[PDB]
Number of protein chains: 2
Amino acid sequence: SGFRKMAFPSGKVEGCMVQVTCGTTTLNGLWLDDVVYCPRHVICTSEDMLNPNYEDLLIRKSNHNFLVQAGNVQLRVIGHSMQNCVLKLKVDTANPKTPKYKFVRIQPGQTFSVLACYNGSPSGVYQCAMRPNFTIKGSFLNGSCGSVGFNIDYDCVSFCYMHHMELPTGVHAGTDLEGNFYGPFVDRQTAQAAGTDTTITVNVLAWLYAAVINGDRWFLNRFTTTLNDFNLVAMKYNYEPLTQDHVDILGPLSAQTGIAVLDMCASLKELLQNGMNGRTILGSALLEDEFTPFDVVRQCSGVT
Amino acid sequence: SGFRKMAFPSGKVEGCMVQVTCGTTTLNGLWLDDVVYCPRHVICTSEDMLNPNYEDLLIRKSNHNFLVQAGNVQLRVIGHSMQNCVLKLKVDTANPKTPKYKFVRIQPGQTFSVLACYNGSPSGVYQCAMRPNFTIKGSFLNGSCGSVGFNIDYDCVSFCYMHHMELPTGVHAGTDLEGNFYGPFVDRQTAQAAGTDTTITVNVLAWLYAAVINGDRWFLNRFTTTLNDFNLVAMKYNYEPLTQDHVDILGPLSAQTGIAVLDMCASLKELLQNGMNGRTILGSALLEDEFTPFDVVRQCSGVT
Ligand SMILES: Cc1n[nH]cc1NC(=O)Cc1cccc(Cl)c1
Ligand SMILES: Cc1n[nH]cc1NC(=O)Cc1cccc(Cl)c1
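Residues numbered from 1 in each chain as written, not as in the entry; some residues may be left out. Chains lettered and ligands numbered in written order. Heavy atoms only, no water.

- If you check the PDB entry, chain A appears there as 3C-like proteinase from Severe acute respiratory syndrome coronavirus 2.
- In the PDB, the entry goes by the title "Group deposition SARS-CoV-2 main protease in complex with inhibitors from the COVID Moonshot -- Crystal Structure of SARS-CoV-2 main protease in complex with EDG-MED-0da5ad92-21 (Mpro-x11025)".

Section: the site of ligand 2
Residues and elements named next belong to chain B.
No. 1: Near ligand 2, the surroundings consist of 14 residues, among which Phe140, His163, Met165, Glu166 and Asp187 are the closest.
No. 2: Between ligand 2 and the protein, one listed contact pairs a nitrogen atom with a backbone N or O atom of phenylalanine 140 at 2.8 Å.
No. 3: Within the side chain of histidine 163, an N or O atom sits 2.8 Å from a nitrogen atom of ligand 2.
No. 4: Protein contacts shield 85% of the accessible area of ligand 2, which totals 430 Å² for the unbound molecule.
No. 5: For the shell around ligand 2, the per-class residue count stands at 5 nonpolar, 6 polar and 3 charged. (Near = heavy atom within 4 Å. Polar contact = N/O pair within 3.5 Å; in protein donor to acceptor, adjacent residues only side chain to side chain. Areas by Shrake-Rupley, 256 points an atom, 1.4 Å probe, with all protein chains shown as cover. Nonpolar A, V, L, I, M, F, W, Y, C, P; charged D, E, K, R; others polar.)

Considering the packing of helix 3 (residues 201-213) of chain B against helix 7 (residues 261-274) of chain B
All names here are of chain B.
No. 1: Close contact between helix 3 and helix 7 brings their axes to 10 Å; oriented N to C, the two are set at 100°. Judged by the angle between their axes, helix 3 and helix 7 are roughly perpendicular. On helix 7, the residues that touch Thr201, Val204, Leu205, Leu208, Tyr209 and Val212 of helix 3 are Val261, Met264, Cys265, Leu268 and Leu271.
No. 2: In terms of residue class, the contact of helix 3 with helix 7 is built from 10 nonpolar, 1 polar and no charged. (Axes fitted to C-alpha atoms, helices over the stretch in contact; angles between N-to-C directions. Helix = DSSP H or I, 4+ residues; strand = E, 2+ residues; numbered from the N terminus. Parallel < 35°, antiparallel > 145°, perpendicular 65-115°, else oblique. Contact = heavy atoms within 4.5 Å.)

A few points about the pairing of strand 4 (residues 66-70) of chain B
Residue and element names in this part refer to chain B.
No. 1: Here strand 4 shows a buried face lined by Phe66, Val68 and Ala70 and an unburied face lined by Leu67 and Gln69.
No. 2: Here 4 bridges tie strand 1 (residues 17-22) to strand 4, and the two strands are oriented antiparallel to one another. The residue of strand 4 that forms the bridge with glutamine 19 is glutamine 69.
No. 3: One ladder, built from 3 bridges, connects strand 4 with strand 5 (residues 73-75); its direction is antiparallel. Across the sheet, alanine 70 pairs through a bridge with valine 73, a residue of strand 5.
No. 4: Counted along the chain from strand 4 to the antiparallel partner strand 5, the turn is 2 residues long, and its residue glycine 71 has a positive phi close to 70°. (Buried < 20%, exposed > 50% of the residue type's maximum accessible area, 1.4 Å probe, protein only. Pairing = 2+ DSSP bridges.)

A closer look at the relation of the copies chain B and chain A
No. 1: Mapping chain B onto chain A calls for a screw motion: a turn of 180° about the axis and a shift of 0.0 Å along it, with 0.0 Å RMSD after fitting. Expressed as a symmetry operation, the mapping of one chain copy onto the other fits a two-fold axis. In terms of proximity to the rotation axis, the leading residue of chain B is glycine 11 of chain B, whose C-alpha is 1.8 Å off the axis.
No. 2: When the interface residues of chain B are mapped onto chain A, 100% of them again fall at the interface, so both copies present the same face. (Least-squares fit on C-alpha atoms.)

Let's talk about the pattern of salt bridges
Residues and elements named next belong to chain B.
No. 1: Across all of its chains, the model carries 22 salt bridges over all chains by this definition.
No. 2: Here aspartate 155 makes a salt bridge to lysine 100, at a shortest N to O gap of 3.0 Å. Of the two residues, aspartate 155 sits in the loop between strand 11 (148-153) and strand 12 (156-166) while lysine 100 sits in strand 8 (residues 100-103), which places them 55 residues apart along the sequence.
No. 3: You can call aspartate 155 partly exposed: its relative accessible area is 22%.
No. 4: Residue classification places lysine 100 among the exposed residues on the basis of a relative accessible area of 55%. (Salt bridge = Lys/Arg side-chain N within 4 Å of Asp/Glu carboxyl O.)

This is the structure in structure tokens:
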């Protein structure tokens, strides 16, 4: 027992990290097969980032201007193309450490591990959620661009995120591996509104189930609620409205604990209306929304 | 910017994980060079765990009874020895993936990453602290025994922990890589008192510094305190007494922020005496003690 903000083992992703330099800019690239994927802003200088004309900037670049280094060895670039906000650098050598992989677009409210890198070198790994507003609250300094988000199902790594930018508000924005930004963001040094964020209700409920499985039960009560009544409370507290799909995804946890989803909702309703009264749940003093129902089951059953 | 509970990249440790089976018991082993390290309770059955005579149990075991498997390949065991609470299984093949490594005994209050494993396979990675009472609050189910705790300084992995047991209270206990338990624990299925725990003061202060570096400053005040006065408050709130050594270790953070250590102590004093008033610091509603001053500097400077 015990419940932690657990990240996937980062080994398979570490073997893919490379450094990409273009002119004065260095960031991280992901080397899968004979292609290196990196943020397209690697081609920019300080003056460009205010409103870059990426097409024009890229035209002044040739294959030999993209210096790709996998630790101590240099990769030979034989092609370059821009797809949305990513550059795809064709190299003459397929990565020997390429794991089985997929590029996937995650949905808001889903979680993933981030392998934070600098100069193509891994610094650390953490688990996070894609906020309902498409931002991520990560830990990314200058040069972390190109660090990726992923999930692992047995031997297959599904890459879902590539880091690109830190908004003036300190939150993070990036793209899928086809270079499409999550959210309304643009790779420009400009103030950009991130939408109103909400708390991921299904995840808080999954975490209340994890708490019950792992011994923390003080918040369970004699009450129940309806999806309509709960959603009135969720509206007041800036929580995502709960749907039957979310209830259905919580099914396995409801079955394991024997606590009906709407009974758990009434505990959440009371916690929202009264707070924790200076108590904790799984070592937290707030309602945690970065564990999905799948994360809770995987961690509580020890899926490797 | 941004501050997360970041674990070290687990790649170098993943390449060392093996499965060890002896009779009906299977757990994880760490394969470094031509030796596999695992908890000695792998030799026990259900009936034995109440009060095992490990020396007697081990005498009935031969090299061929220890089945060691590194994924799909089987390792040939040519020797076995018990050192404290670990078994050292000499194998005929040195691990090709052995990183540069050290075995170290960490001090209480220090942090490390745990690569949680089942059947010699990695399931996830998380960062945790060795509590002042020598326990760890991990996430470990049955079969996670043999999963290890470590730190990484550039290319060297310092292994500091091997998981052995979950106490009746749900907290975790284990050993250094020489098999010495951290704390008064014994590898027996018996109720065992863990000492009175305290909050790691130097770590909370390091985390208040991380909060200031990363934008959260609401808790800073116009006050200062002394080590004597602060320690009177720390005594009342079950916090470790602050010493000049802790102040000295906070030096770099005090220098970067320009906030004197005793000024930060007065902010901590006010937070202890008044609580957070329903506010958060770095996404937390409690005072976090699982980041050391070294962790804060490493994460805030992007050491790879
Ligand atoms: C400070 C930081 N953290 N994570 C990423 C950064 N760096 C940036 O955001 C640099 C940058 C500026 C403007 C637009 C874009 Cl796409 C990129
Ligand atoms: C449930 C669990 N979590 N992490 C480890 C376990 N398993 C155990 O504690 C099994 C066990 C029982 C008694 C003594 C010892 Cl050394 C080991």
